[PDB]
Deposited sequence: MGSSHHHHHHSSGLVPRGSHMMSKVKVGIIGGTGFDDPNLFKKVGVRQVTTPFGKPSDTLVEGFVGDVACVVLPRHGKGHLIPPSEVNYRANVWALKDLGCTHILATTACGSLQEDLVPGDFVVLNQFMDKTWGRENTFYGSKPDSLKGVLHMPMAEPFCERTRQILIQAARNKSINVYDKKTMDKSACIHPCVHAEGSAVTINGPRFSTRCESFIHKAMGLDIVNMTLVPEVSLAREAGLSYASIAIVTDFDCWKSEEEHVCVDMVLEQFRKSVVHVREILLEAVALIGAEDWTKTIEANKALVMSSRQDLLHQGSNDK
């Protein structure tokens, strides 16, 4: 029934979340995934892990085969996808070492395959217009947040708490990402424009991954690791992965493993059926 896929970003190229049971070199109608998929169990919950950028981190954000990654996880029976992403902060209260359970995004990517459906031969037949107002699976979002609570990691909810309750390092219970195409980081001019728009963090990999997960009928939630402030305060590759970030990986692993258990502890029949019905009801050719 429930099976949890995990897409590991920067810092999660060889996650070792569970003892490896099987290794799947698979293909999809949309090509090869970033790497082999590793299947196993967390407790009694089947789980599948794949590194977004492949082994050795050779695939840049704009060239990841998001379609193949999501479709391959779905083909293996995944009902959920938990994903990590390293990001820069655009706001004073989002400090390096914090995490963010995202609930919103603004898309500035281009040139990436962002839908399974279309009119050309390398796509599924149909025109699919998915609602994306709240683009994540809210139930799965709350499980990431509860998992943090269960692992004694501070949770800061701006809606029900004051700024004095923002004790770092903390998990931010909501937040918006602007997803840029990369590979370059933002200019200071771009960073201030994103901040003035009210965006919380900037990354390169959330879109179209989040969109395709919903197209596939899967429940998707992302946990973003704040690795540095973006250049409005500067961001470098070495800074995006440092001693704080090495500590961040430890706690993100604990959140992910606890989130998988928490997913497995609940019935998802109605949510899964709703995910599938949202796809069929978004077809405008039918």
{"property": "Deposited positions without coordinates, collected into consecutive stretches in sequence order", "result": "1 to 23, 257 to 259, 313 to 320"}
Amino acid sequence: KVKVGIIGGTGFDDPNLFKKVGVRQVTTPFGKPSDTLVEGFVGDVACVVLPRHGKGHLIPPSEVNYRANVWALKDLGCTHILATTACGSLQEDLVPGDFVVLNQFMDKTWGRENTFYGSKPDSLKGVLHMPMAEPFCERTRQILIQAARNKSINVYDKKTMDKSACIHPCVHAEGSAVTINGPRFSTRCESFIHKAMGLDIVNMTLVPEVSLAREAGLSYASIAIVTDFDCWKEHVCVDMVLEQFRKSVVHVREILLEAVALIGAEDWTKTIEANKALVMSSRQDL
From here on, numbers count along this sequence of modelled residues.
item: 21 to 29 versus 263 to 271 - greater average Cα B-factor per the deposited record; value: 21 to 29
item: Mean Cα B-factor comparison, 124 to 132 or 160 to 168, giving the higher one as deposited; value: 160 to 168
item: Deposited CA B-factor, highest of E138, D200, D107, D93; value: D93
item: Member of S186, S152, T115, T205 with the greatest C-alpha B factor (per the PDB record); value: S152
item: Position of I7 among the chain's modelled residues by C-alpha B-factor, lowest, middle or highest third; value: lowest
item: Third of the chain's Cα B-factor distribution that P51 belongs to, per the entry; value: middle
item: Third assignment of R253 from its chain's C-alpha B-factors; value: highest
item: Within-chain third of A224 by Cα B-factor, per the entry; value: lowest
item: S34, C-alpha B-factor rank within chain (lowest, middle or highest third); value: middle
